[PDB]
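1. got a sequence here, can you build the structure:
(chains A, B, C, D, E and F)
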Amino acid sequence: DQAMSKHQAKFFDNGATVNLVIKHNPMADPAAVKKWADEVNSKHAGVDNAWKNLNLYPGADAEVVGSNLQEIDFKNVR
Amino acid sequence: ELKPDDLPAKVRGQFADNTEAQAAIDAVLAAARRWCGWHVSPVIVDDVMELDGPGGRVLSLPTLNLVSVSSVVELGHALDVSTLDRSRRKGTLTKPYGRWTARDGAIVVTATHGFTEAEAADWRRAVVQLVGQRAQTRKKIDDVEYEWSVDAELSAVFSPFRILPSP
Amino acid sequence: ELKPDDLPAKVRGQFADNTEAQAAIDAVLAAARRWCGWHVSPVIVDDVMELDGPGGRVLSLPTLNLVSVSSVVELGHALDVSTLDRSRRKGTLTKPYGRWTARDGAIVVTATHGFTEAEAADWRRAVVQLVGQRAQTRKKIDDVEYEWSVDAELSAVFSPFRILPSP
Amino acid sequence: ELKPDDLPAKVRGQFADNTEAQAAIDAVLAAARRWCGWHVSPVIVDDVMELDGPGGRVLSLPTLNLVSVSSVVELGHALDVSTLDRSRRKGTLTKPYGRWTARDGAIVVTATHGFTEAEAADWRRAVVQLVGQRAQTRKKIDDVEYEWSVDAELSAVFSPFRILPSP
Amino acid sequence: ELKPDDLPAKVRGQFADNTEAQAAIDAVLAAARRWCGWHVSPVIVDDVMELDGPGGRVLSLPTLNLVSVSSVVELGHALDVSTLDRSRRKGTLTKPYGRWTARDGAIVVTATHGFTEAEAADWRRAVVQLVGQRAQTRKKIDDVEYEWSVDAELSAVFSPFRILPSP
Amino acid sequence: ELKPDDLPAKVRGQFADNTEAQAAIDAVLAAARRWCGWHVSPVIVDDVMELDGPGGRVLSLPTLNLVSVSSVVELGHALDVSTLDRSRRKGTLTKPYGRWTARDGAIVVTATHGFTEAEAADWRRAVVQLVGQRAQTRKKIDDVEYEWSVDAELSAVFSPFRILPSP
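-> Numbering: from 1, shown residues only, chains lettered A, B, ... in the order given. This is the structure:
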């Protein structure tokens, strides 16, 4: 039980929760990539900037990634 | 900028006068700047920009090298430039508290931006090479045989100096 | 505008008089302006355009470089020009609060817009190159051998100056 | 329209008389108009059109450039042209209140539509080029070698002047 | 109609008399009219056609250009011509309210329809070109080398004048 | 640094004076340093760099070989250099406990970094080879036949010295 609690608590200290994964076209300057990422974060962050539309420059890709919240559930053994 | 004497003599030989060479340089520079979206090699100072309001926290100037900002006027009321955070590499301005306006044509920015002729050495070389290749111009006649878009041509050498489309 | 004198000597040498060269120039400019959706030629002062009703908050004028607007009349009644928001790059007019008329033939707008010959240099070069390529123009006969869409041919060079289709 | 003197002399040389050239021009013009579905270059005025009732709010004339409408008679009863909204680019008429009839052959429209010879410059050039290419006509004999649909041929140059099929 | 005189001199030179040329012309016209489903030739005045029962509200006559109709008799009883709705482009007859007979050999309609020689100019050109291609007509012998469906051959040129199959 | 004397004799023989060779060298070094994201040249003593705010626990300096750091000032206040954790290979600075500032233009760091000419020997060789390949430079004429991206061309040789883009 103590090990299970430790493992379940360790998720909030070493676990990453990603929302969007953006794949960039190779023909891109890194500085322009950083500027575009900053603009994207400016336009699509917070509950105020919700339910808008995302325009992607040609050669890019966007995918939605969730998490594994149902892995810290050890009810059948606890 | 670039003058006809900067071109190689062999490339120089195909133009009637230096005016024609300057015209070709101007056309190539215009195409390259339109593709990139901003000047690169000359340091224009006190440049006046009329930009639209993004409505967010950060304002995105159409530059990739911001040296210094002179004055900022928003909706007829001038702001304090010393209170705005500046990013030389990104060319963006952030209000520490509050948001920019969202209406069109409400912000006027005067700032100095660009590279100098010292470090901007590959830009001039790429422009010269493009001018030479455009001015250098299956078909077989006797022993002479030849076998064979603006976007693809400009994307070959001008990629590092492009601002990606605004999201 | 573009005169037959501005053509290269070799290309003009394939003609007989300035009349047919001007006719070909006019045809090429007409095709380019029809395909791109708006004229890129020298700025036309006080051009009068009639626009159908968008029905939204912004009016998408058929231009990409709008310098100034003189008068706007909607449904037979003139509006106050100074109370509108205009974007030079977007070429759109935005009412402060409300919506535009949704009926056909209700908006007449007179404005100054376009690209001047100083800034628009690659446009003339592209037109000249297209004219020359059209003029110059498997089949084998003895030692002479040759081996071989309007929209694609235009888009190969005129992409940066094309207005996207209205959704 | 187009006359045999407008054709290049080299193209003109392959016809016995100007009547044969006019016949070829007429055939090519008929094919192009059938593909497009309406005349382009000549401004026919007071043109009489017998159209079927759509039953909806907007009536779609078979034109892409509506200059002005003279009179509208529906089911034997003439309507007021000044109360109908007009769209020059789309060539459509909308009743502000009510709907058009749905029966066949119930609307007669008299209106002036088309482009003038000034702006319609690429249409004439395309027609002339098509006539020349059709009149210009593996097999090897000695040192002479040659190696090799109406829809594909007409779709090459006549695409901008097409009305899409009615849904 | 199409006479051997209207053929080009070179094509007619591959014949011996007008009789065989007329026979070939008749064969080509018969094939074209059979494939397209209706004759496109000069307007036939008061052509008498018998049509089977559609069973719906509209009668799809086998024509694409119906100018006028003289008399309509159904099941041995003549109807009132002026009480029907006819579409020139569609070539269909619509009763005001009700349904047509659903039995075979019940409708006989006499009407004037077709395309006149003035408007239908590319039809004759296509027929002439097909006749010439048929007349003119790997195998290698010394320095002479040649390297190589009726429905496809017809459809390559006669598509605009074909009636779609009845569903 | 790299002087025209260090070039091979054959490559330099394709030039006329040391000025143009030095110009080409400067262009190639500028392109390489821009692409890799940091200069690999001899160690620059006390280089002054301004960095934007990372916001995390580690500051990713734009270097891959950090030898020593002189002074660090954040938000106008100098920090204690000896209390930080620095990695020579990673070229990153880590505060003991806390977070860095998240605002733009808040960190100015002066440090000694780079690769000396003794260790960095293949860098100069790669630059020299690229310069020679650029200088030396289907088409057939008589017995002479030739048959045929900046980012790819650079990456083919400069991969080991490139900093990965910041996530």
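2. quick one, strands of chain A?
-> For chain A, the strands defined by DSSP state E cover A:20-23, A:61-64.
3. can you name the residues of chain B sitting close to chain C?
-> B:23, B:26-28, B:30-31, B:34-35, B:50, B:52, B:103-106, B:138-142, B:149-151 (CB under 8 Å from any CB of the partner chain). Quick note: C-beta positions are derived from backbone N, CA and C, even for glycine.
4. PyMOL command for the buried members of those?
-> Buried members of those, defined by 16 or more other CB atoms under 10 Å in any protein chain shown, are picked up in PyMOL with:
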select buried, chain B and resi 23+26+27+28+30+31+34+35+52+104+105+106+140+150
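5. of the residues of chain B next to chain C, which belong to strands?
-> B:50, B:139, B:140, B:141.
6. you'd agree the third one is up against residue C:142?
-> This points to residue B:140. No - assessed by CB atoms under 8 Å, residue B:140 is found out of contact with residue C:142, at 11.1 Å.
7. tell me the contacts of residue B:22?
-> Listed by CB atoms under 8 Å, 6 or more residues apart in numbering or on different chains, the contact set of residue B:22 reads B:3, B:4.
8. so how far is the longest helix along chain A off the chain centroid?
-> Longest helix of chain A, by residue count under DSSP state H: helix A:30-43. Counting by CA atoms, centre = their mean, to the nearest Å, helix A:30-43 is centred 16 Å from the centre of its parent chain.
9. which outside residues touch that helix?
-> A:22, A:24, A:49, A:52, A:54, A:57, B:54, B:56-58, B:60, B:64, B:89-92, B:162-164, B:166-167, F:37, F:165-166.
10. can you pull the contacts of the spatially most central residue of chain A?
-> Against the mean C-alpha coordinate of chain A, by CA atoms, centre = their mean, the closest residue is residue A:18 at 1.7 Å. Taking CB under 8 Å, 6+ apart as the criterion, residue A:18 is in contact with residue A:65.
11. mind jotting down where the helices sit in chain B?
-> Using DSSP H, helices in chain B cover B:9-12, B:18-36, B:122-135, B:150-155.
12. save these as TSV, and put in distance to residue D:98 too.
-> Putting the helices of chain B into TSV (distance: least, CB to CB, whole Å) gives the following:
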stretch	distance to residue D:98
helix B:9-12	70
helix B:18-36	50
helix B:122-135	61
helix B:150-155	50
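13. and stretch B:6-22, C-alpha only, in PDB?
-> The C-alpha trace of stretch B:6-22 is given here as PDB (Å, rounded to 0.1, in the frame of the first residue of the first chain):
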ATOM      1  CA  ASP B   6      29.400  44.400 -56.600                       C
ATOM      2  CA  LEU B   7      28.300  41.900 -59.400                       C
ATOM      3  CA  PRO B   8      31.000  39.800 -61.000                       C
ATOM      4  CA  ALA B   9      32.300  41.200 -64.300                       C
ATOM      5  CA  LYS B  10      31.100  38.200 -66.200                       C
ATOM      6  CA  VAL B  11      27.600  38.800 -64.900                       C
ATOM      7  CA  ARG B  12      28.000  42.500 -65.400                       C
ATOM      8  CA  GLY B  13      28.800  42.000 -69.100                       C
ATOM      9  CA  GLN B  14      25.300  41.000 -70.100                       C
ATOM     10  CA  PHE B  15      23.700  44.400 -69.300                       C
ATOM     11  CA  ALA B  16      23.700  47.500 -71.600                       C
ATOM     12  CA  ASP B  17      24.200  49.900 -68.700                       C
ATOM     13  CA  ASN B  18      24.400  50.000 -64.900                       C
ATOM     14  CA  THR B  19      20.800  51.200 -64.900                       C
ATOM     15  CA  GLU B  20      19.600  47.800 -66.300                       C
ATOM     16  CA  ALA B  21      21.700  46.000 -63.600                       C
ATOM     17  CA  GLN B  22      20.100  48.200 -60.900                       C
END
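14. what residues does chain A put near chain F?
-> A:24, A:26, A:27, A:30, A:33, A:34.
15. buried ones from the residues you listed, can you make that a PyMOL selection?
-> Listed next is the PyMOL selection for buried residues among the residues of chain A next to chain F, using 16+ other CB under 10 Å:
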select buried, chain A and resi 24+30+33+34
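16. chain C: which of the residues of chain A next to chain F is nearest?
-> Distance to chain C, by CB to the nearest CB, is smallest for residue A:27 among the residues of chain A next to chain F, at 16.7 Å.
17. report how many residues lie close to residue 32.
-> Just going to use chain A. Neighbour count of residue A:32, defined by other CB atoms under 10 Å in any protein chain shown: 19.
18. actually, chain B is the one I wanted.
-> Neighbours around residue B:32, by other CB under 10 Å: 21.
19. same check on residue B:55?
-> Applying other CB under 10 Å, we find 15 residues neighbouring residue B:55.
20. which non-adjacent residue is nearest the residue in chain B sticking out farthest from the centre?
-> Distance from the C-alpha centroid of chain B, by CA atoms, centre = their mean, peaks at residue B:142 (45.3 Å). In space, not counting the residues next to it along the chain, residue B:142 is nearest to residue C:143; the distance is 5.7 Å by CB to CB, 6 or more residues apart in numbering or on different chains.
21. you'd agree the one you found is up against residue B:144?
-> No - counting by CB under 8 Å, residue C:143 stays clear of residue B:144, with 10.3 Å between them.
22. give me the neighbour count for residue A:60.
-> Residue A:60, neighbours per other CB under 10 Å, totals 16.
23. and it, how far is that from residue B:161?
-> 19 Å (CB to CB, to the nearest Å).
24. repeat for residue A:31
-> Residue A:31 is 10 Å from residue B:161, by CB to CB.
25. anything in stretch B:13-20 near chain F?
-> No - applying CB under 8 Å from any CB, one finds stretch B:13-20 out of contact with chain F, separated by at least 15.6 Å.
26. again with stretch B:35-49
-> No - judged by CB under 8 Å from any CB, stretch B:35-49 stays clear of chain F, getting no closer than 11.6 Å.
27. which parts of that stretch are buried?
-> B:35, B:36, B:38, B:39, B:40, B:41, B:47.
28. I'd like the C-alpha coordinates of that stretch written as CSV, please.
-> Taking C-alpha atoms only, stretch B:35-49 is exported to CSV below (Å, rounded to 0.1, in the frame of the first residue of the first chain):
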residue,chain,number,x,y,z
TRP,B,35,8.6,36.3,-50.1
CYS,B,36,10.3,37.0,-46.7
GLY,B,37,8.0,39.8,-45.8
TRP,B,38,10.6,42.4,-44.6
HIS,B,39,13.9,44.0,-45.5
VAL,B,40,17.1,42.2,-44.3
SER,B,41,20.3,43.8,-45.4
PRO,B,42,19.8,47.6,-44.9
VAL,B,43,19.3,49.1,-41.5
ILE,B,44,16.3,51.4,-41.9
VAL,B,45,16.1,53.6,-38.8
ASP,B,46,13.0,55.3,-37.4
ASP,B,47,10.9,53.0,-39.6
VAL,B,48,7.1,53.8,-39.3
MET,B,49,4.8,50.8,-39.2
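29. can you list the neighbours in contact with that stretch?
-> In contact with stretch B:35-49 (CB under 8 Å, 6+ apart) are residues B:1-2, B:32-33, B:61-64, B:67, B:70, B:108-117, B:120, B:123-124, B:150-151, B:154-155, B:158, B:161-163, C:160.
30. next up, the contacts around residue B:121.
-> Residue B:121 neighbours (CB under 8 Å, 6+ apart): F:23, F:26, F:27, F:29, F:30, F:31.
31. picking up where we left off before, now, which of the residues of chain A next to chain F sits nearest chain D?
-> Closest to chain D, out of all of the residues of chain A next to chain F and judged by CB to the nearest CB, is residue A:27, at 31.3 Å.
32. thanks again, I'm all set now.
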